Every structure is written in C-alpha cells, then in structure tokens.
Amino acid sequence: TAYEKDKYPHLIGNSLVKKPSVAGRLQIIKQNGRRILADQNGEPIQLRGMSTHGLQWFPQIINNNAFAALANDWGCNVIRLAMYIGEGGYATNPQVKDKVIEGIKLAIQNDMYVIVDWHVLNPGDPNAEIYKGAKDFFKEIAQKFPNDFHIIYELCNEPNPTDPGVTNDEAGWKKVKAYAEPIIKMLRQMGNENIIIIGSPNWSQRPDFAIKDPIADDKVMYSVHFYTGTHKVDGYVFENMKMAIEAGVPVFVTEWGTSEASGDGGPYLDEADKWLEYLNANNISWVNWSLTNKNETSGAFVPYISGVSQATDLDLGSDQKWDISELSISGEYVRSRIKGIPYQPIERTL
C-alpha cells in the first residue's frame, strides 16, 4: 500500500544508515565508477541526519535528551553543528564555540557522527577578513578531539557571490581551494584522517569543479546544497550534482531543505521525494535544515505563532522523543525519511 514502494523504492529502508559503533572509521571507496563513503570494512554507508540552525540563535537544541531522540527515535547517524561567524556568530560572540564543543561530545555520547560546520554565508568569500579565525578554529577542535573518527569537518558552508564574494566560475573555485588547502594540510600534518567536506561557488551548487580541478586529498568530499521549493530534479543544481557524481566526484549533501532557499515556503514534499530517491539510490549522504522552532517552513519543530501555537521546546525531557504533533510538517516528513519508514502524515486541523 505505501506509495513509495512502487514509485520511490529507495525511500524505504535504513540498513546502510550505520552508526559509529558499527561502522567505525569512514573512508572513500571507488565502486563502479563512483567514489562513495564507506565504513571501516569497506561496505557502503549512508549518513542521514539533521543540522542545527545557527548556534548563536538556537543553541537550545544542544541537550542530551534531544540528541538521544534524534539518534534513537529518528534514527539519525549524523548531526551537523552550524557555527555562523558573521551575523552575531563566532566573530563577535566566540562563546558559541563552547556550544559546538558540547555538541560534538553529545553526538559522540549518543552514537552519531558529527559535522563541524564553519558556516560561511554572509559574506560569500571564505577568505574574507571576517573569517580569519577559521584555521585556528579547526586547529582547536582537532586539538580537543585528535583524529576522532566521529568528526567530519566542513570548512566553508556556502561560498557565494555576496560581497566580498566568489564568482560562479573557475576563478571562484580557485579562491575556495586557496582557502581550504592550507587548513586541510594543517589537519593532515597533525594526524587527522577525518573526512573533510568542501563547498563551492553559487552557494555550494558547483561540485562539478572537482571533476577537472579536485583537491588532491583522498578523504575530501564536495558539498551540494538544495532547497526543494527552489531547486528541482533535472534543474541546474541537480544536474551539476549528477554530473559530478557520474564523473567520480565524492559528493555529500551537508544541507538541504523542504522549503524555498530562503528557509520558508511550502513545504515541497513531492519534490523532496524525487531528490531523496535519487540520493538514496546513489549512496549520497544527506543532512536536513534545520533543528529550529523558528517560524519558517524548513524548521523541524512547531513554532510560536501568535493566535495559533506555542513553540515546541528544543530542550527535551527524559522521554527522549517529541510527539509528532510537536514536529512541523517538514520535521515529521524528514523524520520518516531518516528512519526509512513510509510517509504517513498526521492531520493538522486547528
């Protein structure tokens, strides 16, 4: 009866969504022309999980009961910790680092991989002055958690043209590499064998630059970010992704949402079914935006809306689960897809 069984069969199941306790240290392997993430034994793995929103704004999700719910009730094997730099983030309020550290420890404690995301966004060039602390930040995390097999580093969320920015061309890609290579080098010199994920121009829509001009490191993957109200299967972003995957580039969806790219609108679930069917079929890991109760469709939790609803609390109790009615439409859908169960939405009639 579930509609996905006939139409989108790779949406059902989770046998490859292995936790650290089972998978151990990750690697990239070559399999039938593709470079894909695999576990310690060389068996394909898929990471599926959730991103925080900016930790300067929504740190409340960094609590053990929420992390346990995500790992156990939602079936996540990854969580992404989005540390803005600008916009009230680390450049002006460095105490957000403390929340990233806490989050790494809670991911480990709850048997998940963890992505540490230096969340470049405004402005768009990772080399900009505001981001000068990036190399020392990664240094510090690696000193605290040396060669830790749970951690994946994401050096620059979304290179993009916001001034001062990067261009959507080969010159823009060169600025990204010039940024990333010295950090990678430092991490490797320090003995860190972690997977490192590298963004690309146009808001991490251009993993295809790695076809002819990859970074020379066998544990680097390339991000692609999409939002299903904006970006459609067989559209620009999708085809750049597909072109990279086909050509053997290792690709990881570190951020996607069910809204427009603004974080709002919809959600657009029928389009999400098409993207996730492709990602699951092609062994591409994915992380959904975001673990917030802000009033925007991409947030996973019900928001405060005057006259309508109190916010769902991100600081969860000892039951280690949110009721489905406490999840937004997006969060309920994403939970279903992480777990690999049929999507069977609740009625929402106020």
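In this text, residue numbers run from 1 along the sequence as written.
- In this entry, the higher average B-factor at the C-alpha atoms falls on 88 to 96, of the pair 243 to 251 and 88 to 96.
- Stretches compared: 52 to 60, 314 to 322. Higher mean C-alpha B-factor in the entry: 314 to 322.
- Each of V114, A216, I195, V224 has a CA temperature factor in the record; the biggest one is found at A216.
- The PDB entry gives the largest Cα B-factor of the residues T258, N280, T162, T230 to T162.
- In this PDB entry, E158 carries a Cα temperature factor that places it within the lowest third of its chain's modelled residues.
- Ranked within its chain, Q31 lands in the highest third, by CA B factor from the PDB record.
- Residue-level temperature factors show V308 in the highest third of its chain, judged at the C-alpha atom.
- Among the modelled residues of its chain, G331 has a C-alpha B-factor that falls in the lowest third, as given in the PDB entry.
- In the PDB entry, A171 places in the highest third of its chain by CA B-factor.
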